[PDB]
Every structure is written in structure tokens, then in C-alpha cells.
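>>> Below is the sequence, then the experimental coordinates.
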Amino acid sequence: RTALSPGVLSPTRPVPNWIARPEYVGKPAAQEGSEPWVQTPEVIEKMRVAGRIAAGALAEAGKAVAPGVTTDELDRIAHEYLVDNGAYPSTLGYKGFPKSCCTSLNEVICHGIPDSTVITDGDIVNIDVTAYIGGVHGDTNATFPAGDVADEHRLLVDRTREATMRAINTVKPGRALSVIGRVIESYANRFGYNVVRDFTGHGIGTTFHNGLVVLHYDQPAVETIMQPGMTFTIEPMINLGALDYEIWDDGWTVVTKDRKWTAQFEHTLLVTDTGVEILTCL
Ligand SMILES: [K+]
């Protein structure tokens with residue numbers, strides 16, 4: 001199975017005029033990074049709706065993962081589900097990004113651009129989709145096997161899923177945020193895996209990335225304490241090989257230098273009064 005190269009993009013998919021666009025659509029940058037990390041009860045309830053819809057779009061596209069299919073076709077499906085449910089796909093026009101989800105095969109760490117790329121037997125593909133509705137975002141992702149995937153790669157996927165769920169299950173108010181990345185990295189290193197450092201989880205609410213950073217590796221210098229009403233992603237990228245990467249000329253696609261495969265899972269989480277609630281569930 002050869003190292004991936006860029007396929008060709010389908011044209012911009014329309015979304016109905018009546019679906020509110022985030023402010024950043026059609027602009028070179030977003031107005032984000034200084035928004036409160038704790039959400040009002042109103043925004044939390046709305047994020048339940050956005051997260052539910054993202055989860056559905058994820059589940060739908062992931063159902064179409066099969067040898068023969070294009071990444072572009074996964075995007076079509078995710079886009080349709082978001083649009084049919086009244087949601088704007090948050091990635092569409094986010095800093096110029098051209099599609100409605102990210103599709104990240106094999107050695108693509110993250111930010112892959114749905115295209116003419118045809119999935120083959122044994123590949124793994126991450127699909128990351130975000131919903132914007134009622135003025136808020138919800139983001140979820142998962143890595144899906146295509147065909148007869150090698151044990152090596154199944155285990156990577158299952159272990160990355162597990163790391164993520166372990167980390168989620170440590171979320172509680174009064175606990176150090178740094179606990180997330182300690183749990184993740186300790187679990188990954190157990191199997192000889194390497195945790196991506198340069199890409200992180202983030203606060204999410206009325207803005208896509210509100211400036212809160214959630215590290216997935218052990219970094220006990222972070223002082224941030226989790227508080228009820230905080231909303232953020234946990235989204236570890238976990239590599240079979242070394243952390244060294246390249247970005248393609250499209251400006252988005254992140255690939256492992258060594259071309260070894262990598263996996264990722266993600267939810268949008270609420271810190272409740274007593275623990276956690278996963279917002280990106282069906
Ligand atoms: K990947």
C-alpha cells in the first residue's frame with residue numbers, strides 16, 4: 001500500500017441560505033480565542049443539540065467506509081446529514097478549509113481533505129466532523145477500518161479509542177486538566193505508541209477553538225483546574241512511528257514523515273457538577 005498523495009477536490013458543496021454561517025465563513029481568520037471557558041446553561045443545552053447532530057453525521061459517514069469509496073464521498077454524506085438536520089458544517093470555510101469534514105487515512109495524522117482518493121482494503125480512516133447550530137459548535141471523530149485491516153492497525157485503533165475513553169472518565173470538576181494527557185500518554189506508552197504533541201484538544205462553545213488547550217501528553221506544568229460548565233475536546237492522535245511530520249502544500253494535510261499509520265478519536269465533553277457528560281453521542 002503506497003504512501004498517499006493528494007487526489008482532486010470536488011467543488012464547494014452548497015448549504016441552504018437559511019442555515020446560519022459562523023462568522024468566520026468567507027474571512028481569512030476567525031474571531032476566536034478569548035471566549036469564556038465556562039459556558040452558560042443556555043449554551044450547554046444548545047451544545048447538546050450540536051453534539052448529537054455531529055455524532056449522527058459521523059456515524060453516517062463511518063457507515064460508508066469501505067474499500068472502493070472516496071474520501072469525497074464520505075464528505076458528501078456527512079455534509080448531507082448536517083444540512084438535513086439544520087446544521088452548518090463548521091469546517092466549511094474555516095480558515096479557508098474547503099470541505100465539510102476531515103478525512104485522514106493511514107499515515108495522515110489529521111486535517112485530511114476529502115477528495116478523489118479511493119480507500120482500499122486494509123486502510124484505516126479518521127473522519128472528523130463538526131456541527132454549528134444554535135450559535136454553537138460540537139465536534140467528534142473516529143477512526144474506521146476498511147476491509148481486512150492488519151492486527152497491528154486494529155489494535156492501534158482499539159487502543160486509541162480506549163485512551164480517549166479513559167481520559168474522558170477522569171474529567172471532573174476540581175481535577176487538574178493535565179490529568180487527561182497523563183492518562184493518555186501513560187496508556188499509549190504501555191504499547192510502544194507515541195502521542196502527538198503539536199496538535200491538541202481545545203475549548204469549544206460559541207466559537208470553534210475558544211483558546212483553552214487540552215494536551216494529550218504528560219505536561220504537569222499546566223495549572224488549569226477543571227470547572228463545572230467547561231466544554232472542550234479530547235482528541236488524541238496516536239502514532240505507531242515517530243512524531244516527525246510534514247504538512248502538504250494544500251496547507252492542511254498532516255502526514256507522518258516515516259509514513260507509519262496513526263489513529264485518532266474525539267468527543268466534545270462537558271464538565272458537570274460532579275464529573276463528565278459526553279455531548280457528542282447519538
Ligand atoms: K490516520
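Cool, got the structure. Numbering: from 1, shown residues only.

>>> Identify the residues contacting the residue nearest to residue 235 when sequence neighbours are not counted.
Leaving out its chain neighbours, the residue that sits closest to residue 235 by C-beta to C-beta, 6 or more residues apart in numbering is residue 266, at 3.7 Å. The C-beta positions use only the backbone N, C-alpha and C, and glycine is treated the same way. Contacts were defined as C-beta atoms under 8 Å, 6 or more residues apart in numbering; by that measure residue 266 touches 128, 139-142, 164, 201, 233-235, 280.

>>> can we see that at 6 Å?
140-141, 233, 235 (C-beta atoms under 6 Å, 6 or more residues apart in numbering).

>>> Show me the one in the residues you listed that has more neighbours than the rest.
residue 140 (28 neighbours; other C-beta atoms under 10 Å).

>>> What's the separation between residue 143 and residue 102?
According to C-beta to C-beta, to the nearest Å, residue 143 and residue 102 sit 12 Å apart.

>>> swap in residue 77?
Counting by C-beta to C-beta, the gap from residue 77 to residue 102 is 14 Å.

>>> Which one's more surrounded, those two?
Taking neighbours as other C-beta under 10 Å, residue 77 and residue 102 compare with residue 102 leading, 27 against 22.

>>> Skipping its backbone neighbours, what lies nearest that one in space?
Excluding the flanking residues, the one nearest residue 102 by C-beta to C-beta, 6+ apart is residue 128, at 4.3 Å.

>>> what's the next secondary structure element after the helix or strand containing that neighbour?
For residue 128, the enclosing helix or strand under DSSP states H and E is strand 124-133. Once the chain leaves strand 124-133, the next helix or strand it forms, by DSSP H and E, is strand 136-145.

>>> packing partners for that next one?
When contacts are defined as 3 or more C-beta pairs under 6 Å, 6 or more residues apart in numbering; DSSP states H and E, strand 136-145 sits against helix 41-63, strand 124-133, strand 267-271.

>>> One more pass at 10 Å, please.
Under the contact criterion of 3 or more C-beta pairs under 10 Å, 6 or more residues apart in numbering; DSSP states H and E, strand 136-145 touches helix 41-63, strand 102-105, strand 124-133, helix 151-168, strand 231-234, strand 237-239, strand 262-264, strand 267-271.

>>> List of residues touching the helix or strand just after the last one?
Moving toward the C-terminus from strand 267-271, the next helix or strand (DSSP H and E) is strand 276-278. Among residues not part of strand 276-278, those counted as contacts by C-beta atoms under 10 Å, 6 or more residues apart in numbering are 44, 48, 51, 55, 140, 165, 167-173, 226, 231, 234, 267-271.

>>> Quick one, which of these are buried?
Among these, the ones that count as buried by 16 or more other C-beta atoms under 10 Å are 44, 48, 51, 55, 140, 167-168, 170-171, 173, 226, 231, 234, 267-271.

>>> Intersect these with the contacts of the ion.
Near the ion, taking C-beta under 5 Å from the ion as the test, no member of the buried ones among the contacts of strand 276-278 is found.

>>> how about the contacts of residue 266 in CSV, adding distance to residue 242?
Supplementary listing: the contacts of residue 266 in CSV, determined by distance: C-beta to C-beta, whole Å:
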residue, distance to residue 242
140, 28
141, 22
233, 24
235, 20
